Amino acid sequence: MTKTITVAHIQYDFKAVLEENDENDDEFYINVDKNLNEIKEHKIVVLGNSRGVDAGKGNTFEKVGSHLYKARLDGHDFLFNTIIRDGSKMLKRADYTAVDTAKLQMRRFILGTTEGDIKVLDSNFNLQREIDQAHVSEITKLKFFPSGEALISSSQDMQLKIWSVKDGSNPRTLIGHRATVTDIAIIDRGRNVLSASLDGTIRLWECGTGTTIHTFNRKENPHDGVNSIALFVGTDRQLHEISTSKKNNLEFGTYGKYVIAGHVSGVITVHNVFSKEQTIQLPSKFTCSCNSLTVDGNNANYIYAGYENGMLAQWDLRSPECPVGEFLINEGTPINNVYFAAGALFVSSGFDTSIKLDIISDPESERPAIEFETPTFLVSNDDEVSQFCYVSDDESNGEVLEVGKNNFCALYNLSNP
């Protein structure tokens, strides 16, 4: 707050340069953006004889893991995390705009395209089902229900659709949004879902009936479009019911739920899903759109919000008057997506930038703090991340899946040398 996270881009095939093992000197570049738009081109020489690397005086470059490299260049630290698997290998070419995963027994993946197609994939990224023309236009979001046996999609076509994983059937179509549906949150098992839209609404739906039972919006301006939503639990007790009194028609597990909404104006609003009260509004401190936000997975008092100017802010909902951290990433370039997983924040910036930022608890404690001085870049071939998906595999380890345009579907290892 306000400190800037220095972005580096490594030559995508640099690993092949390092393990080439040629007799002669070779070289790869690391471009460091400095407003960004301009840059410093660092040349890392890969000495022949496999006798190592020369990063220049005062600089280092080194392998710290099978798929993890560390550079220090002009006093800035960078980590570079390389692909462990291309998931687009056996897939027909689409521009991916949405992803989710589920694993009850078998692990599965769903992907949504700019063309409106949904693909169901298995553990090995082999196509298991294609739902062609699932929507008229771009799938903006895809979620499995917790059963793993159903899914919900959202689209520019202003509808949401519930699909069966069994047969690709479409038992429900949720209509009523007046603009693009941008986001989805599932309440508990999903008898209720929430959808966000550029029409300014967050609609609470009951799925059995396929109707909207409540519409939330920004109290100051109901037409301020919603880019992102996140659901959190205010308190983790106690249903049926440790207090008086209820209840609300056609609501299932809404009690103690709050929904956070990032707006086109850049404000953020928080709604008690049960009471229907707007509890909080965070100011558009940066005078631009809040494109994406996400809740801290350890402490839901803390949220992370990415804005159209490249500001990443951390807010404490208890103290809504000012952010508790501000971090510029390629100022002037939009943050497209922020996503909390495995004690880290994943951040898509502009057309080319994907960063994993570690979150620690502050020593002078104890409140989560972004490790902004030591970003990790998920190395691609100048590919654009539309969305991240955390894959805890079988047994509490993890990988991150990125999907994007031009058939980008790439897996990254998160665990440590």
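One rule holds for the numbers: they count along the sequence shown, beginning at 1.
In this entry, the higher average B-factor at the C-alpha atoms falls on 25-33, of the pair 352-360 and 25-33.
The stretch with the higher mean CA B factor, choosing between 361-369 and 387-395, is 361-369. The entry assigns its greatest Cα B factor, within the set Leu312, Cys322, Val99, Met106, to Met106. Listed residues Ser228, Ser245, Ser195, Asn298 were ranked by CA B-factor as deposited; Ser245 comes out on top. Ranked by Cα temperature factor within the chain, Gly58 sits in the middle third according to the deposited record.
For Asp224, the recorded CA temperature factor ranks within the lowest third of the chain's modelled residues.
When the CA B factors of the chain's modelled residues are split into thirds, the value for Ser284 lands in the lowest one. Per-chain ranking of the deposited C-alpha B factor places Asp122 in the highest third. Ranked within its chain, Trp163 lands in the highest third, by CA B factor from the PDB record.
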